[PDB]
């Protein structure tokens, strides 16, 4: 154990056990005209403003204080410093965790084993811009001799979600770039439906893989190459249509891609924190290197913000401690992410991986068995669509669900003189208001009175029209969703995730929970061949396998 030993954690727990049930959001606001002023923070980045209103939360100044003492007591600051200074904090793998280095525009040296990392970081960044240029506008080589129209990124998990999410989110900066596609699933339908719309001679493939050994990626990659080599019969033309993002040059050249067309990153770059490195080649190819370097800066801005701001006003820290409050004290299993922005329709999913992959652990750094909750289940859907799909359970269900509502002040498409975005903003505002205020039995009763329902009817409907409210939310508004702000927003959460992991004393940059599936998978592959029944596994796995062999032939 660890966290459960800490005194500040104990005090925070005892306080909740005793005064937690009385905390009312509706109450708080009427007895404190400054609640908003006291529980929010506006951030000027010089490239847009970011307001983080965390006032619609079940917290008092005393609560925020206990929460802050806890963050300090757990060594959040020292841990932060260890990360930025290049120390190997990813203990289990004895690696450094340096995604802040990939976006370190200041170029302040960061040393890993007596060698500053920035030179190799900028070396790669430069090479990306150089390649980007040659592709973006003619000049790059289609064995046929034509400029490349489509870029296909082939990768999974960390080598996929980030580039995809960011590219969908920054479409308004598509500007003269080629069309980018993203193939990840091993499921053959994925690459097949992508290759069906492509033209070999004008397509550029980017096999994105850190280890360059993942089964889904390499298989998808081999299928792309066989597809390409089908039209272009010369295996030497592969170097004109295939490039790679990885660390194992040996593996890369084995595939057929030459060493100079391999953009590299480093072991200290976690997969779920890789979009900022070479893995973001498709982003740069889509919105140009300027919009990319912009993305790189917004994070860097946040990186510095996180580093230099006292805890009481540190966004990532505040976001993280609020989560701990709801996770370790209230016991809430999930964290809802709701961006009222279509372009960000992949944002929530980006962080399911971001959060869950990092903090879905039960073993601390000392090897002690955790005896408290860790990472939450992160889910969500955008725009106003959720209001019609599942808000019903958020408002009147039986689960307490912390919600982060995000939205840009001005859209990329102010059509109809801004009427759409006006309605979008109103709902964004109204939902957290409703989630907080709710609607009492009397307010409801009074409404049914003015409706003309018979005492019979009114009673049978009254409680159903009652909103108990008191449902906590965070409102995150920013001037506009540009590459810089987006980069800032992503970094913000990355650090939220970091702070929680440090508080739980767990290694957020670990993915050991994935190897059991992979190995039992490799063991089953050959058993699927043939039609003889399998019996080596548990009855269920046997049954599933045999039902499969039986039905594989049916029509």
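By rigid core we mean the largest C-alpha set that fits within 1.5 Å across both forms. Numbering follows the first chain given and starts at 1.
Choosing between 247-255 and 212-220, the greater Cα displacement from the shown form in 5 other deposited structures of this protein, fitted by the core, goes with 247-255. Superposition on the core shows that, in 5 other deposited structures of this protein, the C-alpha atoms drift more in one of 256-264 and 453-461; this is 453-461. Look at the C-alpha B-factors of 350-358 and of 135-143. On average they run higher in 135-143.
Set 52-60 against 24-32 and average the Cα temperature factors; 24-32 ends up higher. Of the candidates 264, 381, 168, 160, the PDB record gives 264 the highest C-alpha temperature factor. Looking at 463, 298, 455, 339, the one whose CA carries the top B-factor in the deposited record is 455. Annotation for residue 501: CA B-factor lies in the lowest third of the chain's modelled residues. In this PDB entry, the Cα temperature factor of residue 176 sits in the top third of its chain's modelled residues, the highest group.
Sorting the modelled residues of the chain by their CA temperature factor places residue 495 in the lowest third. Residue 487: CA B factor in the middle third of modelled residues in this chain (values from the PDB entry). When the modelled residues of the chain are ordered by C-alpha B-factor, residue 446 sits in the highest third.
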